[PDB]
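# Commentary on secondary and tertiary structure
So you can see what is in the structure, the chains are spelled out below.
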Amino acid sequence: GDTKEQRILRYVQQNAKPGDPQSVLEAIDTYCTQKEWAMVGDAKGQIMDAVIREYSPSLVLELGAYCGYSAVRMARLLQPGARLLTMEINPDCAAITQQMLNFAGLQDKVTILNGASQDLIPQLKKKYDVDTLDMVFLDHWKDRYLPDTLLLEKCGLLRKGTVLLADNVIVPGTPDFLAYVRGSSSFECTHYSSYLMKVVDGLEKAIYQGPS
Ligand SMILES: Cc1nc(C)c(-c2cc(C(=O)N3CCN(c4ccccc4)CC3)n[nH]2)s1
Ligand SMILES: [Cl-]
């Protein structure tokens, strides 16, 4: 068997450099640009980097590791001792992600949780010893953004100033998630447009202010 995702890891393992997350980033960026696209960006990576650098989170939740691009891009910017938790529902992508972090030298900042987001979010406190989350990046199924944001509320995982950065909120779009965070007083929201497919997409930054 030879999947697109094995093919990406293998281009990285040949062209990027062991323990250099940026040559991993550019090799992936290079692969998805010249060889076959994958569901990856440097234009939205600039936005993702600015938000990591602005808020210096000590504990990040990512929903949707996939191949490990956005986990290499985040964890490369985290301070010593900070953690990334990444949930991946497909075990083969989870293996790609473990190897992509192992090659990039970041497998000690990341913990991969294999599971659907709404099964693992309730276990975060008991099992992975989380108190609150400093940042949350949502890049999974667009119809889970809103219910997972409220599930994170329920379980008391968001604090005042938690950053939620939501990808692909324009295309495919997350209309329900955007209406809620923009309309709720618990969230202060900034929309970052980024092109893609030559289409305007966007990320939403939504900062939690505390319950209503
Ligand atoms: C309830 C859930 N909890 C989690 C943790 C979920 C999750 C999302 C992802 C992910 O990263 N992508 C992106 C890639 N994509 C895809 C790409 C091409 C074709 C079809 C699908 C699958 C979803 N991995 N696990 S869904
Ligand atoms: Cl499910």
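Structure determination for the deposited model, as stated in its record, used X-ray crystallography, and the stated resolution is 2.3000 Å.

Running from N to C, helix α2 (residues 21-34) and helix α5 (residues 91-104) cross one another at 130°; their axes reach a closest spacing of 8 Å. Here α2 is positioned oblique relative to α5, judged by the angle of their axes. Between α2 and α5, the contacting residues are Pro21, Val24 and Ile28 on the first element and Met100, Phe103 and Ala104 on the second. Grouping the constituent residues of the contact of α2 with α5 by class yields 6 nonpolar, no polar and no charged.

A few words now on the nonpolar core. Within the largest apolar cluster, 39 residues are counted, with the highest numbers of intra-cluster contacts made by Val12, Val24, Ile28, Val72, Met74, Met100 and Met135. For this core, the elements supplying multiple residues, two or more each, are α1 (4-15), α2, α3 (43-55), α4 (69-75), α5, β3 (110-114), β4 (133-138) and β5 (158-166). Aside from chain neighbours lying at most four places away, what touches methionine 100 is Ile8, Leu9, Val12, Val24, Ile28, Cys67, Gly68 and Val72. By size, the runner-up hydrophobic cluster in this structure holds 27 residues, among which are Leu124, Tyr145, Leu152 and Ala166.

All right, on to the packing of aromatic side chains then. If you walk through the whole model with that rule in mind, you get 4 aromatic pairs. For the ring pair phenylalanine 187 and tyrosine 208, a centre distance of 5.1 Å and an interplane angle of 50° mean the geometry is tilted. Lying over the aromatic face of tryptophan 37, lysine 4 brings its terminal NZ or CZ to 4.3 Å of the ring centre.

Our focus in this paragraph is the site of ligand 1. Near ligand 1 lie 13 residues; those nearest to it are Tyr66, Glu88, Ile89, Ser117 and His140. The separation between a nitrogen atom of ligand 1 and a polar side-chain atom of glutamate 88 is 2.4 Å. Contact with the protein chains hides 75% of the accessible area of ligand 1, taken as 580 Å² for the molecule alone. Contributing elements (two or more residues each) for the shell around ligand 1: β2 (83-88) and α6 (117-120). Looking at the shell around ligand 1 residue by residue, the classes come out as 6 nonpolar, 5 polar and 2 charged.

This brings us to the pattern of salt bridges. Taken as a whole and judged by the stated rule, the model has 14 salt bridges. Linking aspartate 2 and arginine 7 is a salt bridge whose minimum nitrogen-to-oxygen distance equals 3.2 Å. Of the charged contacts in the structure, one is a salt bridge between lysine 44 and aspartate 167, with a shortest N-O distance of 3.1 Å. Of this pair, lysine 44 sits in helix α3 while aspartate 167 is found in the loop between β5 and α9 (169-173), placing the two residues 123 residues apart along the sequence. Here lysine 44 and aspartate 167 have matching classes, each one buried.

This part covers the pairing of β2. Of all 6 residues in β2, 5 are buried, a share of seventy percent or more. Sheet topology note: the strand β1 (residues 59-63)/β2 ladder contains 5 bridges and is parallel. Counterpart to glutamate 62 in the pairing with β2 is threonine 86. What joins β1 to β2 is α4, and the crossover it makes is right-handed.

Cut-offs and rules
- Residues numbered from 1 in each chain as written, not as in the entry; some residues may be left out.
- Chains lettered and ligands numbered in written order.
- Heavy atoms only, no water.
- Axes fitted to C-alpha atoms, helices over the stretch in contact; angles between N-to-C directions.
- Helix = DSSP H or I, 4+ residues; strand = E, 2+ residues; numbered from the N terminus.
- Parallel < 35°, antiparallel > 145°, perpendicular 65-115°, else oblique.
- Contact = heavy atoms within 4.5 Å.
- Nonpolar A, V, L, I, M, F, W, Y, C, P; charged D, E, K, R; others polar.
- Core = buried A, V, L, I, M, F, W, Y, C linked by side-chain atoms within 4.5 Å.
- Buried < 20%, exposed > 50% of the residue type's maximum accessible area, 1.4 Å probe, protein only.
- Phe/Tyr/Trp six-rings, centres within 6.5 Å; stacked < 30°, edge-to-face > 60°.
- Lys NZ or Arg CZ within 6 Å of the ring centre and 35° of its normal.
- Near = heavy atom within 4 Å.
- Polar contact = N/O pair within 3.5 Å; in protein donor to acceptor, adjacent residues only side chain to side chain.
- Areas by Shrake-Rupley, 256 points an atom, 1.4 Å probe, with all protein chains shown as cover.
- Salt bridge = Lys/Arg side-chain N within 4 Å of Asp/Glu carboxyl O.
- Pairing = 2+ DSSP bridges.
- Right-handed = clockwise from strand over helix to strand, strands pointing away.

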